[PDB]
2 protein chains.
Amino acid sequence: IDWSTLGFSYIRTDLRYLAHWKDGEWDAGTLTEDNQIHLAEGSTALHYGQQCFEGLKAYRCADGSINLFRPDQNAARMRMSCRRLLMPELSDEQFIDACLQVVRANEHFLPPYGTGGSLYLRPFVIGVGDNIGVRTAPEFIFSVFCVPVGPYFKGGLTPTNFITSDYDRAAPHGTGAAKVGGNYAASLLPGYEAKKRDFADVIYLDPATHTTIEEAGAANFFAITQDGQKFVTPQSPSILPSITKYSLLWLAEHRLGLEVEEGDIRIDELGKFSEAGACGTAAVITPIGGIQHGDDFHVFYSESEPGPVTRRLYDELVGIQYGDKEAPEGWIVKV
Amino acid sequence: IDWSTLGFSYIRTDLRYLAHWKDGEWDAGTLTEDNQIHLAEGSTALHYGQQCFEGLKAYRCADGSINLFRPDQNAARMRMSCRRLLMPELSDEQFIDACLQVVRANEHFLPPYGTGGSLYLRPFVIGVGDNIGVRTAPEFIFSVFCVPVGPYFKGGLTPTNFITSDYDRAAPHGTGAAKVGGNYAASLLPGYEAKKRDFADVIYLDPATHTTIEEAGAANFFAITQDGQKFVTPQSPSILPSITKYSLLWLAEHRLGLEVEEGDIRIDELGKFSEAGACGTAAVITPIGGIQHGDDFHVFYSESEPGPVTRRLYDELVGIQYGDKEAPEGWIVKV
Ligand SMILES: N[C@@H](CCC(=O)O)C(=O)O
Ligand SMILES: N[C@@H](CCC(=O)O)C(=O)O
């Protein structure tokens, strides 16, 4: 309950949502206190990476109300991840309702206003049931559990450095556009090496030729030109469609009145941007001080201070989530 | 118990091996009857594909003895898979001892000589314990269960067809050289699309350019030149180092008097080979009738009969496994 020192680690909450799929259909689902998953030793989730997940947060507002941020988008994306791995899909209704149930049943774990914390929801689908050869599972499990997470920046927006790697987290036409475990497994080694070099994480280029930027490992990448007029973010069929990224893209155009561009960002022309950063649910905009690519270390704005436009986007997107700023129609759902 | 109708599907055997890793080391491991894995809802094996596995067989010889085929090779390979995903390694000692324990305790499930069946072993390692962020698991489980099996892709040197795909199962610098779940997860959709078109599976091409053959996603690929004097197989950092492939590589040279080469095999020069096949533990050389690439279906030898060199490699490989032919030194561990 010490909201203050709360970080991003697992803490067992009271109830989690658990649903089962078998013989063509999902059951109604239920809340359980267990927290332990039980599955066949041959489950495809354990042998053939047939698994996918999502990540969203619930925030308590100053007025005491509770906000769930764009749950519909997570529903949509996990449906696409399920399709990619041949797993049954969940409707917005069942997905949203499961999140609502977990939040409500675990309301006492939602960090109060004042503490920059939040209640992190982890919905996921895994292939289960007896099996041995590579194929889609005969049964599946959909579960949603939550964990309270304290502020990500215990000191305020602070930039960190990323480094490029020869390793690929995804193939040109692989599963990089879906939020599946395999992409993350592949990121373990390079991520470890980056951190062993004192870097927060690595910035993956692009599978085919390692010339343009893809992602940072746990977040999408965005950069702002030198003239602070345009917001640019990579467009690739191998990067995860970050909900935070598309949110900022909208905010940048209708809130900050900036130019928006979904295109390529070559690692050779970083000087074209005055600042850059990583965006994701957990990090919620991580200012990027500098990027190490080979021999040189390229700093965009500051290695200790966040860029001006980055602050705007951040404070903006954050205000909406916590209900301090006016939320765009459709976004945010009251619990 | 009907050995003759055995295919490649899960059948619950009596006992499986289970070992736990925690606080820096593996326990001795034990035998259990369970067959259901119990793990934390946030286990990395479920969310971040931190999992790897092996596949090898035990065989009943005519003289009554039992052969375990090159288990040392599987142990070494699983060490490489583990290393790639930052999972703790298992020594040959514990790995081989685990399979021996499983074979001995489930000997009554070993298909008798005369039935081309075998006892398939499935060793695997998964990251477990409470967790939420992308990182290596705090604990791990190592387990080995067995399943009596027959043919994977038909039986008795009957050729099957394969088809090219735009999809990639692995990246140029990803986890393609390791036996990890993410690779198979990626192959699910394309593998399904192939089976719908009546093909056995997809034969993948290099991720970066799609110009050379990689492997089938469940087997390596090999071909015999038109003059029938040379055995050719692809050399790539993104394909699995198949034990069956290396075995065939050895047999081809030192037993069949063939020339051997590991190199590029362009998909546009299939006419350079009189025969082609897919090899693996489950596959045990599956003759390739033809390969569909775009609108072109290419038959190397026959869509109904195996080539003569393929037949020789198969008889030598299978003869060794079942104890009918002298085994090369080091290959074969009597259970
Ligand atoms: N899937 C990421 C979270 C992404 C986010 O914070 O939006 C993780 O488990 O670390
Ligand atoms: N490990 C593969 C089997 C490989 C083989 O058939 O040799 C699978 O589970 O599909």
Side-chain angles (χ1 to χ4, degrees), chain A residues 8-10 42 44 46-50 52-57 69-70 73-74 77-78 81 118 120-124 131-135 147 149 152 178-181 183-184 187-188 191 201 215-220 240-245 247 278-286 321, chain B residues 7-10 42 44 46-49 52-57 69 74 77-78 81 118 120-124 131-135 147 149-153 179-181 183-185 187-188 191 200-201 215-220 240 242-245 247 278-286:
Chain A
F8 198 86
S9 300
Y10 179 93
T44 189
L46 307 171
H47 298 257
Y48 310 118
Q50 188 171 45
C52 73
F53 69 98
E54 273 299 323
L56 56 161
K57 294 167 175 177
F69 192 68
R70 314 195 72 184
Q73 298 297 297
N74 289 273
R77 191 174 64 187
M78 198 180 72
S81 296
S118 62
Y120 184 71
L121 302 170
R122 170 55 61 85
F124 67 102
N131 174 271
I132 57 170
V134 182
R135 64 166 69 69
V147 185
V149 302
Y152 191 69
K179 194 167 178 61
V180 302
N183 306 329
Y184 300 85
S187 75
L188 267 39
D201 196 0
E215 313 194 72
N220 267 191
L240 186 72
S242 164
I243 304 298
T244 299
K245 184 275 297 298
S247 287
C279 55
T281 299
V284 182
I285 297 74
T286 293
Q321 309 185 322
Chain B
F8 198 90
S9 294
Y10 185 88
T44 61
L46 297 171
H47 298 258
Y48 310 110
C52 74
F53 72 98
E54 270 302 322
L56 60 159
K57 292 170 173 163
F69 186 73
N74 296 271
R77 188 170 67 187
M78 198 172 82
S81 292
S118 61
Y120 186 83
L121 290 151
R122 170 53 60 80
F124 67 97
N131 175 283
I132 59 169
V134 176
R135 65 175 64 74
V147 181
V149 308
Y152 191 67
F153 281 169
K179 195 152 172 61
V180 303
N183 305 332
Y184 302 84
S187 75
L188 254 21
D201 197 10
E215 62 182 337
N220 262 192
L240 186 77
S242 169
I243 305 298
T244 306
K245 181 266 299 293
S247 300
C279 61
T281 295
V284 197
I285 302 181
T286 297

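For the numbers below, each heavy atom of this structure counts, side chains included, while hydrogens, waters and symmetry mates do not. Chain naming here is simple, since letters A, B, ... match the order of the sequence lines and numbering starts at 1 in each. Both ligands and their constituent atoms are indexed starting at 1 by order of listing.
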Discussion item. With the threshold set at under 4.0 angstrom, would you say A/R135 reaches ligand 2 through any of its heavy atoms?
Written reply: no
Item to complete: Examine ligand 2 and decide if any of its atoms is less than 4.0 Å from a heavy atom belonging to A/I132.
Response: yes
Discussion item. Within the 4.0 Å heavy-atom shell around B/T281, which atoms of ligand 2 are there?
Written reply: 5 (C), 7 (O)
Practice prompt. Give a yes/no on ligand 2: does B/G55 have at least one heavy atom closer than 4.0 angstrom to it?
Written response: no
Item to complete: Measure the distances from the heavy atoms of B/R122 to every atom of ligand 2 and state whether one is below 4.0 angstrom.
Response: yes
Worksheet item: Hey, mind stepping through B/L46 and A/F53 against side-chain contact (heavy atoms from CB on, under 4.5 Å) and telling me if it holds?
Response: CA-CA 9 Å; B/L46 297 171; A/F53 69 98; over 6 Å; no
Practice prompt. Walk me through it: do B/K245 and B/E215 pass the test side-chain contact (heavy atoms from CB on, under 4.5 Å)?
Written response: CA-CA 11 Å; B/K245 181 266 299 293; B/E215 62 182 337; over 6 Å; no
Worksheet item: Can you check whether B/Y120 reaches B/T281 side chain to side chain, under 4.5 Å on heavy atoms?
Response: yes
Fill in: Distance-minimising heavy-atom pair for A/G217 and A/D201
CA-OD2, 3.6 Å
Response to the item:
Of B/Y152, B/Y184, B/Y120, the one whose closest heavy atom lies nearest atom 10 (O) of ligand 2 is B/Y152
Worksheet item: With atoms numbered from 1 as shown, which atoms in ligand 2 lie under 4.0 angstrom from a non-hydrogen atom of B/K179?
Response: 1 (N)
Worksheet entry | Atoms in ligand 2 flagged as close to B/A283, the criterion being non-hydrogen separation under 4.0 Å | 5 (C), 6 (O), 7 (O)
Worksheet entry | Pair A/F8-B/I132, side-chain contact (heavy atoms from CB on, under 4.5 Å): steps then yes or no | CA-CA 7 Å; A/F8 198 86; B/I132 59 169; 3.5 Å; yes
Discussion item. Need the ligand 2 atom indices (1-based, order shown) with element for anything under 4.0 Å from a heavy-atom of B/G280.
Written reply: 7 (O)
Discussion item. Would you say that A/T286 contacts A/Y152 through its side chain, given a criterion of any heavy-atom pair below 4.5 Å between the two side chains?
Written reply: yes
Discussion item. Would A/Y184 and A/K179 count as a side-chain contact (heavy atoms from CB on, under 4.5 Å) here? Give the steps.
Written reply: CA-CA 9 Å; A/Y184 300 85; A/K179 194 167 178 61; 2.8 Å; yes
Worksheet item: Of the protein's non-hydrogen atoms, which lies at the shortest distance from atom 6 (O) of ligand 1, and what is that distance?
Response: A/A282 N, 2.1 Å
Worksheet item: For ligand 1, which atoms sit closer than 4.0 Å to a heavy atom of B/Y48?
Response: 8 (C), 9 (O)
Worksheet item: Can you list the atoms of ligand 2 that are under 4.0 Å from a heavy atom of B/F53?
Response: 1 (N)
Fill in: Non-hydrogen side-chain atoms of B/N131 and B/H47 separated by less than 4.5 Å
no
Worksheet item: Near B/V134, which atoms of ligand 1 are under 4.0 Å from a heavy atom of that residue?
Response: 8 (C), 10 (O)
Worksheet entry | Taking every non-hydrogen atom, the tightest pair across A/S247 and A/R70 | OG-NH1, 3.3 Å
